[PDB]
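All remarks here apply to the structure that follows.
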Amino acid sequence: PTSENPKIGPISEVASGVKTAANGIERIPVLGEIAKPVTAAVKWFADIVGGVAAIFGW
Amino acid sequence: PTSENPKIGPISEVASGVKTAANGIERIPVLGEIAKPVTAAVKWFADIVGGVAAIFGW
Amino acid sequence: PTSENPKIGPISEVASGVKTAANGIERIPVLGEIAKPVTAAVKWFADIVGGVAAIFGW
Amino acid sequence: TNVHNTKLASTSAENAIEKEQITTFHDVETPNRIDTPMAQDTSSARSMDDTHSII
Amino acid sequence: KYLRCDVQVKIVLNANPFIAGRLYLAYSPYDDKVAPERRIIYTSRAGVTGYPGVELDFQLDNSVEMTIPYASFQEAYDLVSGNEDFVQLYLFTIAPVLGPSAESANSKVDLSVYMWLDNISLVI
Amino acid sequence: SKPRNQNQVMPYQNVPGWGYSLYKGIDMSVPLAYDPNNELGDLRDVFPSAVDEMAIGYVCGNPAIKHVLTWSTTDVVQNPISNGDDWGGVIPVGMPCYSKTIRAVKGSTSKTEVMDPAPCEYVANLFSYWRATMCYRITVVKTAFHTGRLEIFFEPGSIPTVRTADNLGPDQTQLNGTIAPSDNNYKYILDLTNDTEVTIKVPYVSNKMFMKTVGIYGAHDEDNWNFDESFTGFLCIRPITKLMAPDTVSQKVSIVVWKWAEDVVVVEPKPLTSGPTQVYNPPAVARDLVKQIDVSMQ
Amino acid sequence: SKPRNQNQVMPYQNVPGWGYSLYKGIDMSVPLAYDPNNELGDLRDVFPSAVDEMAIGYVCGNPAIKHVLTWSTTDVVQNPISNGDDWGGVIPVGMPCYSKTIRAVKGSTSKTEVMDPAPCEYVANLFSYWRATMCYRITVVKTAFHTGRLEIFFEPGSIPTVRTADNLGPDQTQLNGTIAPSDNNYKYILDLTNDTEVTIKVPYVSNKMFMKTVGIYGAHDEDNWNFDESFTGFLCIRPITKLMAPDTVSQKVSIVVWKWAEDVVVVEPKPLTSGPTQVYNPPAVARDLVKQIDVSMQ
Amino acid sequence: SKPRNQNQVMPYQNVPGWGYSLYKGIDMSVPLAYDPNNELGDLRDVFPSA
Amino acid sequence: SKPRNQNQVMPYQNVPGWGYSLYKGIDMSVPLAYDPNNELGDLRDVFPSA
Amino acid sequence: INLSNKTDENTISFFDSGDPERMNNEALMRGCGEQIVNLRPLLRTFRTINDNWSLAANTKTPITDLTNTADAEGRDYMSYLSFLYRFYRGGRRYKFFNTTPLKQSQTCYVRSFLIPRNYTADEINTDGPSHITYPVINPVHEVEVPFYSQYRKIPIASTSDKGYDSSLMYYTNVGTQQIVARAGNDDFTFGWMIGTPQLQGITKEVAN
């Protein structure tokens, strides 16, 4: 994208995997718009499954 | 360019594709000076065509 | 992990090497949750074993 | 055609027979149903125990 | 003790070919427990017909079906303690029964509503 | 051990809440929680439906009944069907709301005005300008023995209005086949011999890239400009052939019209209204005065 | 040598102590030390045990005696064993504390209430909502000459309570085999011919994802809702066969019950209690009034 | 979990509107909009002349 | 769309004119100019002697 | 002709027009600069529910006091869009901009705690996570409330249970005035769709 700021936008954009115009009448799933299963996709659950030292207070 | 600042200038420079002295009398197109078609060149339209998760509130 | 911040989390996560659900009744060792032996794992001891110039005031 | 949260009145196949467990409905045309789009099970009963039968 | 179920509704209407009309079967969750301004009662025709429902014409749709999902905010219906209802089903009238001008006992329609459950789970 | 600073003096502005009105950005809202990485999961089995119901196309795609007209055997050809409802025959083509009624309470009179939004008109009211394709299912409630033709033509521009001190409605005298000939007009002649309905979609046509979302809000004899610049035109439902009906059936049929939008874009997140967005809470008794929300900033 | 600034004006908020209540983050606490990289080592030979004893599963996994009931030869079949302790026969299934006694001191009366927490109930009190699998070792103190059967069945939902002005207890009249038939109930019939004990684990079952941690705190005739919504149900210990015992042994046995939790999750680090977490410091004499901690913020 | 700070004390000047009279630079003007990445497109068919 | 902050609380000193007496450093002097990258060229034929 | 009342499902679109997506985009690249495609982004924006909320000194004020009023008005997005749905989930964000005209104490500070919804301040402790600001150096609070619930979805209706989700307490050592803006966290969303209510427009008190 064509910016003049060294930071193109405010946040980091996470992709989706949806395939519909977003303003259209066609019914679109909400699970494709964000994907946040019960996995290491969320930070804290990843920290638990990896048993990081912070979840123990270190 | 020869600077003494670790940041050479204030903004990120985007190239043009124009071929005329900028102070000259020759008529120069305005579409070559910035290129911002209806494409993923603009940030928000890129976000829509990529269906990023932010345009859905995530 | 799926964030919208360029910094995923607040701190740098250090791994553990433990193998038990962290909320479980099974007895888990505390030395695997953080590993900080008397070695160059701690910063100041590393500085001493490496004889860095700061520990001498330079 | 593609409308949400409503099923409009329409024609359908001219000879419909829906069989629930023991009741069997004959209708002149196929009923105009509205079902939930992309339905889910928003309960936890199937996780608590198994559904016991009469036997 | 606990239940999770969807409610399946079927209405079989019958009206001779000389009677016309149109009904709207809609369901409103928490209609009895939600503030009045938020009720399907106490709103407009365009609001009522904005609810999930089925258009029920006498000469087009002699029969309509409807699946009401599990409407509780909690993990299952409590069949002992909480005698709570979570979704109200309404049968509205878009156009009244249109029949001959001449008064007659035959200018009428008869309805019959059937109900059953689906996606069931009795556990504890 | 303790070296000196080689960093520059940083410029700055003490501006808390920079861009709090934007939807995208890093929020400085402190979480009253345990983990700073507090995230709720996805909507896997939370709501009854896995569809995104907050999408503008899902809301503006939910149709609602905005017209229920009575078509009698006496209604004249090439005359709008005015019987039955408040905008009889004339369908203003747009997302905004064109219909309102005045609730009067005496004690002087307050004259509160109430609107009839469809899910497409509820959304448009949150924004200033709109652009969309308007879709109309015009269903007729009849039998196998009612017959007739129905003319549904689109006229661009302003609507012929009878302007009242508190409301605004159509002028049925200026919409007859003599003053309003439908010959140079996009139309659909619907035969009611056996069929009942037709879905008419009107693509966006105007000399403006966007139209206003005001609509009927505050529209009257003095204020009528923003109403005309909120709609691209109107559909008029007129008979081409009188309603033929025997004496064995009703001498009148109902014309139900559902309204919804496709291909929607909304421009700015601020309403064009004199006042804020307010939902009408019907009071208990008709003697009761309605609630007014405090807009005094001090 | 001295170039100009090309950095932007930075936005900002003057907010000291941002996220001090979170467990994870970079703390701005200045160390009164020599090295900024002041780290203590690991717990190699610091404590007597190399096990993490601060883990919720190690604390909530330490069992404690919460019931010591007397089972006499006169106790009736299908009647809860009420003799001996304050919640006789009924075991509220949950992490929170179900038991309390009122300490009264006169001089008017103050009526301070005291609880009997197990290590699982001490932890739950620090949080608002809980979810866990509750485990109960029901041991019987007897000999080779006591015999009898014992019914330990789980009933979900509210407990039959006799509500007092200051406390809350079970209703033994509503838990008999006529009013409370154990036929449609998960149970374990324990034979005491030679065996003594059984560990009964109750997985979490409820119409809520989490239950409240209030328990008996402030529970009485007026306040009884939060108690019922703090437990998934209760186990009731009832005879199936009266205690058979010769005259050469005791005519009563003791039923000891240990309590602990497995598969624990705790939700928010704030208690649901009207007041803060307070440990009871037993005063010297019974005439002495107890300490109350100042909660006035000014 | 909660480590200490190793960052230095930063120097500074409280100067709002630094270089507002320059044509090039990152402006701190808050947009009364929905998207912070609010950009108008190019002048393709806006004015009579390209 | 609007995530939370994961940045730390920054330490600081409100010290305008830090090192103004030094010959080397990034100066916070605002230029009364058009371009922030205002540079004069080299002394090619400015003074009588190179 | 067959005696029949049927639906042929005929659809007509007028005008021989181009692609609506392309033309809409062309228009937004000239007159908007953005394209709103969903209403959760509007739940992320911050909008005012009261531009002056006065408080008493040394008083713990649950913000339900204000949001029970605001939710019925329909002025903010979290209220206007709540009349289309029945359920909601996720946390909430509140910003309190100081507008206190008088000086009461040398040191004014604002503090916020958690509280179960529909509770009173006399029913809850001032423990748990908090956030403190000083309106003189930071006149904006910027606290956030997580979804600390017993249920995966909260109804906008009333309930038998109480205190099943978290909310906010607001404490000021002095009498302060506030601009109260609220929004949802990056996880807040509303439930499943229903019909619209009526809208309230202009009121003209006329002499009779």
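Cβ placement follows ideal geometry from the backbone for every residue including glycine, while neighbour counts extend to all protein chains displayed. We did not get these values from a lab; they are worked out from the coordinates using the rules stated.
Could you check F:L43 against (1) within 14 Å of chain D (Cβ to nearest Cβ); (2) over 17 Å from J:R40 (Cβ atoms) and say which number it fails?
Answer for F:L43: the failing condition is (2).
Buried (at least 16 other Cβ atoms within 10 Å of the Cβ) and farther than 27 Å from F:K106 by Cα - does that describe any residue in the range F:274-297?
Checking the range F:274-297: not a single residue is buried (at least 16 other Cβ atoms within 10 Å of the Cβ) and farther than 27 Å from F:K106 by Cα.
Just one of (1) at the interface with chain E (Cβ under 8 Å from one of its Cβ atoms); (2) under 21 Å from F:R44 (Cβ atoms) trips up J:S158, so point out which.
The one condition J:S158 does not meet is (2).
Could you figure out which of (1) part of a loop (DSSP other than H, G, I, E, B); (2) surrounded by 16 or more Cβ atoms within 10 Å (Cβ to Cβ); (3) charged (D, E, K, R) isn't true of C:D47?
Of everything listed in (1) part of a loop (DSSP other than H, G, I, E, B); (2) surrounded by 16 or more Cβ atoms within 10 Å (Cβ to Cβ); (3) charged (D, E, K, R), C:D47 misses just condition (1).
Among the residues of the range I:16-49, write down those that are loosely packed, with under 14 Cβ neighbours inside 10 Å and either within 12 Å of chain F (Cβ to nearest Cβ) or touching a helix residue (DSSP H, G or I) at 6+ places or on another chain (Cβ under 9 Å) (or both).
I:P16, I:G17, I:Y20, I:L22, I:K24, I:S29
Looking at the range G:242-249, is at least one residue farther than 18 Å from G:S82 by Cα, small (G, A, S) and away from every other protein chain (no Cβ under 14 Å)?
yes
How about the range J:139-155: which of its residues are within 14 Å of chain E (Cβ to nearest Cβ) and assigned to a loop (DSSP other than H, G, I, E, B)?
Passing the criteria: J:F147, J:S149, J:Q150, J:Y151, J:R152, J:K153.
Considering every residue within the range J:170-180, establish whether at least one is surrounded by fewer than 19 Cβ atoms within 10 Å (Cβ to Cβ), assigned to a loop (DSSP other than H, G, I, E, B), more than 10 Å from chain G (Cβ to nearest Cβ) and of a type in the set (G, A, S).
yes
Please pick out the residue among C:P37, C:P6 that is at the interface with chain A (Cβ under 7 Å from one of its Cβ atoms) and either outside any loop (DSSP other than H, G, I, E, B) or exposed (fewer than 15 other Cβ atoms within 10 Å of the Cβ) (or both).
Of C:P37, C:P6, the one residue that is at the interface with chain A (Cβ under 7 Å from one of its Cβ atoms) and either outside any loop (DSSP other than H, G, I, E, B) or exposed (fewer than 15 other Cβ atoms within 10 Å of the Cβ) (or both) is C:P6.
Given the conditions (1) away from chain J (no Cβ under 14 Å); (2) in contact with a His (Cβ under 8 Å, 6 or more places away or on another chain); (3) part of a loop (DSSP other than H, G, I, E, B); (4) within 30 Å of C:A21 (Cα to Cα), report the number of the one that G:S21 does not fulfil.
(1)
Please go through the range G:40-64 and pick out each residue that is surrounded by fewer than 15 Cβ atoms within 10 Å (Cβ to Cβ), farther than 18 Å from A:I48 by Cβ and not β-branched (V, I, T).
G:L40, G:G41, G:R44, G:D45, G:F47, G:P48, G:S49, G:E53
Answer yes if at least one residue in the range F:151-158 is assigned to a strand (DSSP E or B) and surrounded by fewer than 18 Cβ atoms within 10 Å (Cβ to Cβ), and no otherwise.
So far as the range F:151-158 goes, yes, one or more of its residues are assigned to a strand (DSSP E or B) and surrounded by fewer than 18 Cβ atoms within 10 Å (Cβ to Cβ).
Considering only residues of the range D:24-51 that are assigned to a loop (DSSP other than H, G, I, E, B), among the β-branched types (V, I, T) and within 7 Å of chain E (Cβ to nearest Cβ), which is nearest to E:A71 (Cα to Cα)?
D:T42
Tally up the residues in the range F:122-155 that are within 30 Å of F:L192 (Cα to Cα) and either at the interface with chain J (Cβ under 8 Å from one of its Cβ atoms) or of a type in the set (V, I, T) (or both), please.
Of the residues in that region, 12 qualify.
Go through F:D86, F:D171, F:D116 for me and flag whichever is closer than 28 Å to F:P203 by Cα, of a type in the set (D, E, K, R) and in contact with a helix residue (DSSP H, G or I) (Cβ under 6 Å, 6 or more places away or on another chain).
F:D116
Sort out which residues of the range J:5-43 are surrounded by 13 or more Cβ atoms within 10 Å (Cβ to Cβ) and of a type in the set (G, A, S), and write them in order of number.
Matches in the range J:5-43: J:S13, J:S17, J:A27, J:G31, J:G33.
In the list F:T232, F:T164, which residue meets the criterion of being within 30 Å of J:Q200 (Cβ to Cβ) and surrounded by fewer than 18 Cβ atoms within 10 Å (Cβ to Cβ)?
F:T164
Take the residues in the range G:258-291 that are among the acidic types (D, E) and in contact with a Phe, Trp or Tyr (Cβ under 9 Å, 6 or more places away or on another chain); name whichever of them is nearest to G:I56 (Cα to Cα).
Across the range G:258-291, the extreme among qualifying residues is G:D263.
Under the condition of being exposed (fewer than 15 other Cβ atoms within 10 Å of the Cβ) and of a type in the set (V, I, T), which residue from the range F:167-203 is farthest from F:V264 (Cα to Cα)?
Once the filter is applied, the top-ranked residue is F:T178.
Each row is one residue, and each column tells you yes or no for (1) of a type in the set (S, T, Y); (2) in a loop (DSSP other than H, G, I, E, B); (3) within 8 Å of chain E (Cβ to nearest Cβ); (4) buried (at least 16 other Cβ atoms within 10 Å of the Cβ).
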| position | (1), (2), (3), (4) |
| --- | --- |
| D:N2 | no, yes, no, no |
| D:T11 | yes, yes, yes, yes |
| D:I22 | no, yes, no, no |
| D:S53 | yes, yes, no, no |
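Can you run down the residue pairs with Cβ atoms below 6 Å, 6 or more apart or on separate chains, where the first is in the range H:18-39 and at negative phi and the partner is buried (at least 18 other Cβ atoms within 10 Å of the Cβ) and not in a loop (DSSP other than H, G, I, E, B)?
Close Cβ pairs (under 6 Å, with a partner that is buried (at least 18 other Cβ atoms within 10 Å of the Cβ) and not in a loop (DSSP other than H, G, I, E, B)) amount to H:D35/B:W44; H:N37/B:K43; H:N37/B:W44.
In the range J:110-138, which residue that is in a loop (DSSP other than H, G, I, E, B) and touching a strand residue (DSSP E or B) at 6+ places or on another chain (Cβ under 6 Å) is nearest to the other protein chains (Cβ to nearest Cβ)?
Ranking the candidates gives J:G128 first.
Keeping to the range G:138-194, report how many residues are under 27 Å from the mean Cα position of the chain (by Cα) and either of a type in the set (F, W, Y) or on the phi > 0 side of the Ramachandran plot (or both).
Adding up the residues that qualify gives 5.
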